[PDB]
Amino acid sequence: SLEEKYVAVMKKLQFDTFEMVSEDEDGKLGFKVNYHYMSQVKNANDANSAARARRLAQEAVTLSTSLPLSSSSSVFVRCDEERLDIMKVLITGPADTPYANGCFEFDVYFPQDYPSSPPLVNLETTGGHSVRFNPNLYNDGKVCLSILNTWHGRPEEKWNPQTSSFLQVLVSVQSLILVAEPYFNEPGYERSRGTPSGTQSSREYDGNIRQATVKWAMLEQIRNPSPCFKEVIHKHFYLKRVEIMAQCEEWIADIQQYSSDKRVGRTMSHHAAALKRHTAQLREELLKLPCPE
Amino acid sequence: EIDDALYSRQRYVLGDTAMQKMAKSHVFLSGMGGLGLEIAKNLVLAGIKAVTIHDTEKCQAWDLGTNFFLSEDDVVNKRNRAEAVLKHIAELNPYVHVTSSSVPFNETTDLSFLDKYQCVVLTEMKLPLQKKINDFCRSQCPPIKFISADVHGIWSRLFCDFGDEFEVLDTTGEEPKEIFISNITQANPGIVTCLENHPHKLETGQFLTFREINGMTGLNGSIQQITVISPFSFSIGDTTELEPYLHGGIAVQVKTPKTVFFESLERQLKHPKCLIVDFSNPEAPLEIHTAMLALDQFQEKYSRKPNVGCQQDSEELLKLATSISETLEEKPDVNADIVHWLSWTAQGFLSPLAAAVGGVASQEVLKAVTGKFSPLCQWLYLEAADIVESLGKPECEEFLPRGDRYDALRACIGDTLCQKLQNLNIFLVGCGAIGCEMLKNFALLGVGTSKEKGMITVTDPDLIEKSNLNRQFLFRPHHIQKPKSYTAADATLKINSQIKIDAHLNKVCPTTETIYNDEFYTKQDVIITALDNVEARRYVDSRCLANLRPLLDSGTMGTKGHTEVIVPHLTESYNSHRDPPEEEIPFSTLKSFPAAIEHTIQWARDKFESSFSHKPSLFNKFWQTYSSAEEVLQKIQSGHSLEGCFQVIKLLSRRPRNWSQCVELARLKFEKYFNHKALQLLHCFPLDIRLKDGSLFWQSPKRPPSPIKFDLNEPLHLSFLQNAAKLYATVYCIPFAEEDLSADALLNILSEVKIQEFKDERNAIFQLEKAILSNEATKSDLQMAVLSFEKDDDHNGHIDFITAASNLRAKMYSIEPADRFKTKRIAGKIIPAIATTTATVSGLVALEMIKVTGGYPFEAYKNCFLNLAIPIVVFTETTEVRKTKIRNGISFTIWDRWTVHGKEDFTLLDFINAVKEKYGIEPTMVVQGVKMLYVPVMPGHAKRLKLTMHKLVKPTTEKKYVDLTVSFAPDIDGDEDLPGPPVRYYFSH
Ligand SMILES: O=P(O)(O)O[C@H]1[C@H](OP(=O)(O)O)[C@@H](OP(=O)(O)O)[C@H](OP(=O)(O)O)[C@@H](OP(=O)(O)O)[C@H]1OP(=O)(O)O
Ligand SMILES: Nc1ncnc2c1ncn2[C@@H]1O[C@H](COP(=O)(O)OP(=O)(O)OP(=O)(O)O)[C@@H](O)[C@H]1O
């Protein structure tokens, strides 16, 4: 029943409009919230092709109709009230992964030649560029994907102005970046998947990613929520607060199981201590979280 | 030595060997008409050691309309044409020793004096004397290159003769392309398997060399001729005796000398080998050759050119052409129209055609003394018959001279078209090389010189640079750092005192649309672009579409060039083009897995960006946002997160205090860049790891790194250390001197520096409190100078630093290094350019402007694409407009706009209903620019239908109308929304 309630409540908040950019009387672009592609937006020409506007409108129709939504993972999109090329995306990490139940924020800007070029996507929950959440998610926020022409891949895996869509980009992010074993996303280590050394390296990477996720994807998102998704973040955390506690306890136990390793034991102990501190802070914040309207 | 500050762009085209061969070359040029003047100008801009101009005739009032250097004083004093321009010609390039000659030319003249020169160009000279000269020149050992160029009215002629045997050292001038090898077959013959994808695009008969091939150690360094089998394979010789093949391989193309043949002039006249420029009329060049030969015979037999409109002269010329044609080997048919028009405009002279032919001939001359490209073989017949074809049958009195400077142009295009040229309000964008040549063409054609009407507007915000003097002939060394537009306007007035030019320093961009409003474009009659980037071209084209104004576009890249003609309601626009997306280096290739020198150069460039432009700006912004560092410490102690606070506080702790610390920082950065990175990358991916397919992870195109230990004795290491130290000292605002940069001083500084061995909130707090205690928090400490990438200035050390870093990275990845100039070109994306191509495309664009002004039908306009390297010149019809249908038989083009009118209570449904009633189709979504106004599926917009226009858009009072874009529902479900033409709506009536 909890999953059904979560699906029902979150569905009304999957797609909405928010005022990210407002123009003053002079005619300059004022930004009300932080945006990664601010410079390119300020330099965007007004000679926009009507094809770009049509494609953006059709993509908006598709997003309002068929955005993914489930207890394991969900997608939330906010579009500017006066600019179709300004969009922020919040993705909840799929279960059974180190990103599970983590709220990750993205900034998407559509270039002037869109859909000829893939839209630019930049991760915002980088923790001040101190965390590399994935081999394809660099600490600077760049996202590497074949469909964005930022990664090596087949022509059918590259951006196609006629067939590729933004919903496909979101689904690809969910199904390829936030995976069960992110350590093997690297195109060199995947040939040692299942080997003992590869398993140990994957476990270390998973521990680091779990501690980073608890530190940033939920702690900072509940302490300083973005204005765009604030209601969504609050409702999601309030609905899933018990599951967060269970997941954190399971992660702590699992990481403490391998704290006696002779090769990575010190890193396991460090990650476990950081995870315990983050869990205590999360406990405090969730206890202080009021019931959303 | 060659001063790069003046010839950088030409060196990027010709190269060092071509430049050295250009020096110590003496060129003789005869005939100082318009064509000869253009050739001399292009050659003296190129940088020939010495040019001799020869002419025997005196100045005349008729010469003002064809020569852009003569003045009334020369006519009054009856000065020799060669001498009257000698002073002005030398001003273009002080390195060129220009000399004048006036020795008479005739059959009995001692012609042995030409042996001193190396290339002779003849213009406006009798044909038999050309035969004699060409007979003499080709018989010399070594042969003296001969080029003949002439212009008669709207018909031209070009001829080359570089001896019976001529050798070219570079067939096309294109850089060899590196090819990756996947498999080698030990068989007779061997078979090459190209790497996955990446077609080689080679041809049978070429020579290919191989290197870095495992197994066949004997095939490395060998040269083998290939035989194309497939786009990913070819055939090599015997490899059976060799050892088997494991993996890897690199193949690059080897250029080989080519020998071309030429025939004597007296033999080419009986069966010429012309060059085809218009494939619709392949037989046209032969007919033009026949007509011009008939013209020369007429000149011989009557000692005068045919008179304008004389029937007997035309009949005589036609009879001569018919007699000549049957003696030709191919027996062509005499073209009545071509002969008639040649007779009609025999005495005339066209300026843009002369400029184009001069550019081509100058390029051929450059080929003659260097062998850089494949020379023309063996004729070239450019023409502008389209100018007069649309005129019908004009009266002879219209072409008669009137006694002014425009007598030459009038004798070509009639008086009416000349007058319509003098009353043009033409807007020219950009004042580069093409802009300067177009201004010269305007001055020669008298564009906008009428008192009542006519106005040329030229805008360019840049300033004159030393390297711009090589290609833009309107400027002088004392014009450096002056505005381009003002200098060009002042210089053009000298050529023609009747011109009326307005120069603006404003750019052309959306931010400056307030001055170049729709009324301004309506006032104009034709817009010509001389831009260098695509975004400005697209903006100008979009602006022209909204006002229905003709647009002429041009652009040159090295020896390549192209022109495009856009006419309202007739042709497609520039934005209609859809070029394929360009290949871009992925993040993995640039950051960690480079394969070519370009990758390391780009890595050096953006490393310089991050090190001295981006991060200092972040530092300044962060510290100006939070003035008090103690306040920042307090906020950190209270758990307040800040953007990039850790990065900035790390920057503060490592801020150097004097020159020695800057040298230490340079050493640390060198170690981090070229020793720690390779070690950590090999640690992450050991060299011996295998993949599932069994291929090594470091297979091609990936290359394994190797640590480079610092050594001050190495010139490259010392260069990098010096440049990095200078840049860091400048950024951190500390003084330094030249002796502080010496090798000995550097040795004494870093000799005691320990080097770290290869292997956050608390550290940030510790650093901040230590800095506060150490008083390193003054307003000077919280600011850091930001540098900009000035590639043109050689003394700032930017290019030296980038070159040193790129070469070091290449040495780390076993890639061969690159010289300073190649790094300067690639990192600074300097587009190669030369004067000849710009002059040629300017002449062609001027011809297109004449066509546009004449209001000629669609068939007359011709787009041109030329590449002087081959050389090839292609004229094709411009792409016609395309009808686009949507529904109910309604169709629209790119030039169509719809207009609607509303009122105060005009709601959104009112506007939609009005458009549906007017055009029979229902709009479904309305968007101004990037602002959405009605999207039914989007939540919060169904109720927007009731909303009035003034509330929906919240418009400004500056304009009563806003430009909108609409779309319509598809006639079949499952398809995207049908496109629609832009619609302009007025809030009132
Ligand atoms: O800012 P970037 O251009 O991306 O360069 C950084 C930077 O090195 P530099 O400041 O020497 O240019 C980092 O150092 P910090 O300024 O962040 O301390 C360094 O990080 P490490 O200290 O971990 O080496 C990182 O290297 P990496 O991404 O391998 O960790 C390296 O990136 P690139 O040199 O590859 O650009
Ligand atoms: N938007 C624009 N509006 C007006 N002028 C422009 C615009 N964009 C470019 N230009 C002008 O176009 C000209 C192009 O000419 P050119 O190719 O000689 O350029 P350049 O920068 O001087 O050359 P180089 O790259 O060899 O140094 C420049 O002088 C530049 O000022």
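Chain B residue numbers are taken from Swiss-Prot; in order, the displayed residues are 38-796, 820-1049.
How was it done? The header gives electron microscopy, 3.4 Å.
Every residue, even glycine, has its Cβ placed from backbone N, Cα and C.
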Candidate sharing the ATP site with B:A470, B:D497, B:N505, B:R508, B:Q509, B:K521, B:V545, B:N570 (per Swiss-Prot), from B:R46, B:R1004, B:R1044: B:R46
Per Swiss-Prot, the candidate from B:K95, B:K544, B:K882, B:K978 carrying the annotation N6-acetyllysine: B:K544
B:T54, B:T160, B:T900 - the residue Swiss-Prot records as phosphothreonine: B:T54
Phosphoserine according to Swiss-Prot, picked from B:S737, B:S743: B:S737
Intermolecular Cβ proximity, recorded positions B:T54, B:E502, B:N570, B:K729, B:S737 versus chain A, under 8 Å: B:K729
Residue among recorded positions B:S301, B:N570, B:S737 with least C-beta crowding, 10 angstrom cut-off: B:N570
Gap of 23 residues [B:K796 to B:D820], endpoint C-alpha distance in angstrom: 18
Around the Cβ of B:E502 (Mg(2+) 1 binding site), the count of other Cβ atoms that are within 10 Å: 15
Site with most surrounding Cβ atoms, counting all protein chains shown within 10 Å, from the recorded positions B:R508, B:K521, B:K544, B:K729: B:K521
Those modified residues in B:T54, B:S301, B:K729, B:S737 whose CB falls under 6 A of ligand 2, listed in sequence order: none
Annotated ATP contacts B:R46, B:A470, B:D497, B:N505, B:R508, B:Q509, B:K521, B:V545, B:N570, maximal Cα-Cα distance (Å, integer): 25
Tertiary neighbours of B:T54 (phosphothreonine) (same chain, Cβ under 8 Å, six or more apart): B:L206, B:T407
Listed in sequence order, residues with CB under 8 A of B:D497 (ATP binding site) and six or more positions away: B:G467, B:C468, B:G469, B:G472, B:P520, B:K521, B:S522, B:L542
Separation of alpha carbons, B:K544 (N6-acetyllysine) and B:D499 (Mg(2+) 1 binding site) (Å): 9
Count of other CB atoms lying within 10 Å of the CB belonging to B:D499 (Mg(2+) 1 binding site): 15
